[PDB]
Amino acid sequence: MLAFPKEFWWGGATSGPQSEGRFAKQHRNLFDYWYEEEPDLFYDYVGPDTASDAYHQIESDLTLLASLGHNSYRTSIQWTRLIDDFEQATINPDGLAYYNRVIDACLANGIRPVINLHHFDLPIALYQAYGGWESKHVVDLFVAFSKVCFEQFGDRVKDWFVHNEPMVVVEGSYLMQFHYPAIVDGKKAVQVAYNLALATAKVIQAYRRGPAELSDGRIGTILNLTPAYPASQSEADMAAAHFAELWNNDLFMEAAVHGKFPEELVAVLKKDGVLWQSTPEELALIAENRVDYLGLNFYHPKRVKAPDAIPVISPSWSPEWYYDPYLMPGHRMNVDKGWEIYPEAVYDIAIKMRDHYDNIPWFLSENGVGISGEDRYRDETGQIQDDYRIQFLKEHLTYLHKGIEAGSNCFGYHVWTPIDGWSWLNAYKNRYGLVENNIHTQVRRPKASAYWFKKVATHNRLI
């Protein structure tokens, strides 16, 4: 009854750090380091040394996902696995052989490989040596890494993404304490945000300069366009939502798609004394090197209100000077996670793409629901009966269909996550998979939602 466009992408998304394990990985990323130093910050003390064992099981995993109707698979290449000497971007031979296994197994199974270059996994040595994303030299080393990827894999990978949710890195590392170095420094946050956007444009330049047979595909970035719904229509609450959009959405969207930063945001940052350092050459690189397409992530809505308190001084600049989170009485909620469920937001994102971002191509690159204690839902056969996940995916997909019918140029849907993976500080507390992973034996077992999504992907339709 709800039919999707021809050649719609169906599959799911993961990342190198959350799936691979550290098996044969030369360097530590920020999270690997963090787990080494403070394991008790991680649920059940599970770090990323093994994660979901994709280092060993990628081939058998893609075979399973092919049998479950997936035509596409998004993961990430780890800078910390592929590169030996960061300053020269020399190649670790085992990492190269590893990403060649991943990509070749994708194609052998008829799965389009979709490759992200950064998913919260800066090398710790670049943080220690230079301040990480605070450094424009680090940005250059990221570019050199991206060039290795395009040269080595671009004959077979035609679908590239520079970052996953760069504002999450900015917030995690420099505002809200959920990535390492977990410091609170707005001036740094703002410069990191500029540097991530500049890195996006430089990687795009590098991709497009590659040999023609390695540069004929598409390159984008993965962003959030989650609306910041105002608590009310008061002037105050609207101005709160307005600023929350400027920061959380517009900064990276305007730079990715239109090659400019939003002027209003710039005036706020300048007034507050925290505007990034830029050069005219960097700004022209950004204007000239914009995305072919986007991934847009959605997995819960955000609401905001006018700030409850105006501090006479703050410890550091924060976007939350201009808004607070708001909880809407009567919202639908996922109790394990403390997150509102509001699938209508997918339609709103679709309409925004249509009307404000020239309807360029985009896909919903991460959509899923995470639950603990899924043991409780196994039936007689031992299969997890995750009808809550079927229902969640079905609703969000229904609103994606509504957006495509209204004219939004959406070309795909990726479930977070094909197989249970390691979610950072929460490790395996909450499971998002269509397919269960036993984290002690690394044995997989499809859940009911895997067979439901198989049907949807294979018939190219819902209901």
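A residue's number is simply how far along the shown sequence it sits, counting from 1.
- [ ] Please work out which of 331 to 339 and 141 to 149 has the higher mean CA B-factor as recorded in the PDB entry.
- [x] Mean B over CA atoms: larger for 331 to 339.
Open item on the list: Per the record, averaged over C-alpha atoms, which has the higher B-factor: 379 to 387 or 241 to 249?
Closed with: Going by the record's values, the stretch with the higher mean is 379 to 387.
Open item on the list: Looking at 166, 295, 373, 368, which one carries the largest C-alpha B-factor according to the PDB entry?
Closed with: Answer, based on the entry's C-alpha B-factors: 373.
Open item on the list: For the chain shown, is the CA B-factor of residue 274 in the lowest, middle or highest third of its modelled residues?
Closed with: Ranked within chain, residue 274 CA B lands in the middle tercile.
TODO: Comparing against every modelled residue in the chain, figure out the third that the C-alpha B-factor of residue 403 lands in (lowest, middle or highest).
DONE: Residue 403: CA B-factor falls in the highest third of its chain.
Open item on the list: Sorting by Cα B-factor within the chain, modelled residues only, which third would residue 431 end up in: lowest, middle or highest?
Closed with: It falls in the middle third of the chain.
- [ ] Looking at the entry's B-factor column for C-alpha atoms only, identify whether residue 92 ranks in the lowest, middle or highest third of its chain.
- [x] Tercile = middle for this residue's CA B-factor.
Open item on the list: Considering every modelled residue of the chain and its Cα B-factor in the PDB entry, is residue 215 in the lowest, middle or highest third?
Closed with: It falls in the middle third of the chain.
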